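Just the one chain here, laid out as structure tokens, in the form deposited in one PDB entry.
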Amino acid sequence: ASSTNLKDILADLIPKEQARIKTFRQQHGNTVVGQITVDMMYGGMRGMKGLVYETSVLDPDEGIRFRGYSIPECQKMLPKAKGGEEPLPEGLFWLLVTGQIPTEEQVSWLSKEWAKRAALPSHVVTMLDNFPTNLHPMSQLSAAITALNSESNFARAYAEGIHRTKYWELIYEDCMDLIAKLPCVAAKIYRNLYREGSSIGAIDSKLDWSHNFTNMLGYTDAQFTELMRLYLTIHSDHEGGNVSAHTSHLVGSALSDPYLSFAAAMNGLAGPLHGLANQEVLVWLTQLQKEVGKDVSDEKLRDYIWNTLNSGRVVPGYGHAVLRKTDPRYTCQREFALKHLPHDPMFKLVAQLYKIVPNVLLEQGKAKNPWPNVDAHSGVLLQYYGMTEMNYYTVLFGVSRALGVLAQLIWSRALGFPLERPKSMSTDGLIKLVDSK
């Protein structure tokens, strides 16, 4: 056959980043990179630097980057799927871990490599098949990723006593297993929930990752698969600061093993201020599809959106405190839509708000980035291919953010990052602090 052996590459890359951080930290290390205010400290840590998350940086002129490789260079560069046009999430985890762009057989590797590592302990399987259909997917996804922790290699090698400098090699092995069992768990949370408890199927070492998943979800549409490949590539990662990424991080720094850290991250992503906004827009988009009715003019939604901005509401999906042009991940799923559902009524709706909304905002003071998110485009693209079941959308973001959160988990463990322990305070403390002192 063929390849190049991921672990063995990462094995090489490690000492070189490990040093780079040793000198940096030697020399300028004490160079003050900012201040904290009594107000930030009530402000949920409002624009504090405190992380070092080495897999993605928000570029204000250019969206998000998976190195400096942004959005638009990824779609080019990342291997596409042996007869497709949209990237493999495989080759994206590979980029996130390596810093390098996969080769076809570096990706063909992972796919083989995920299919085998893809197995499920009879007790998560049982645990799923009895869960109540009143329990949310995301309470199931996280209940069962903890219960998968039964199987961690790290838990065990820890228990036996591996040493500091070896931690990555098994935290690696736990991550590669998790990202393989993930499709199974969610494919089954779907199937039990929404496709009347049927069988997820089997799993095919022939196919790539996203495919197997879509195939277990029970979807025969190769257009949907390639949306699945695209969706999973683009919601992977987003700086370290955000709830699901900071929790997998925080918790993972107590030397908790990847099953447990990831499950704790979904408990953050099931949180309304975090998971639920892909929905929020679809729902808005839904009332609007009624209130302003089917095939509107450029004049009537201008009337609606205007009568919306000014009568003391907001347009779900639009605006960004930093990013200066349109989010590339809107643009990616738009480019998709243009190709594959161009004359869709509801995509027609979204694509109209794109024409109209920015100017309406910009002209009406709510501005500086009046441009759309990702979250604005996606749900419309899900509902088209018949994924109506919108509570379940939060799991699909979960299975995606997995690649980005676990691929930095190996790195915090490789560069051997400390237990995360900011100082708390208390108001009475503070009152004596800033002013009285």
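Here, rigid core means the biggest group of C-alpha atoms that superpose within 1.5 Å across both forms. Position 1 is the first residue in the sequence shown; the rest follow in order.
The same protein also exists as the form deposited in another entry; that form is not shown, yet it is the one meant from here on.
Student: If you fit the two forms on their rigid core, which residue out of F213, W168, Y190, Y318 shows a CA shift of at least 2 Å between the shown form and the other one?
Tutor: It is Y318; the other listed residues stay below 2 Å.
Student: Rigid core fitted, is the C-alpha displacement of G386 between the shown form and the other one 2 Å or more?
Tutor: Stays below the 2 Å threshold, so no.
Student: Determine whether the C-alpha of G365 shifts by 2 Å or more between the shown form and the other one once the rigid core is superposed.
Tutor: Yes; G365 is a residue whose C-alpha shifts (by 2 Å or more) between the shown form and the other one when the cores are overlaid.
Student: If you line up the core, does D129 shift 2 angstroms or more at its C-alpha between the shown form and the other one?
Tutor: No: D129 shifts by under 2 Å between the shown form and the other one.
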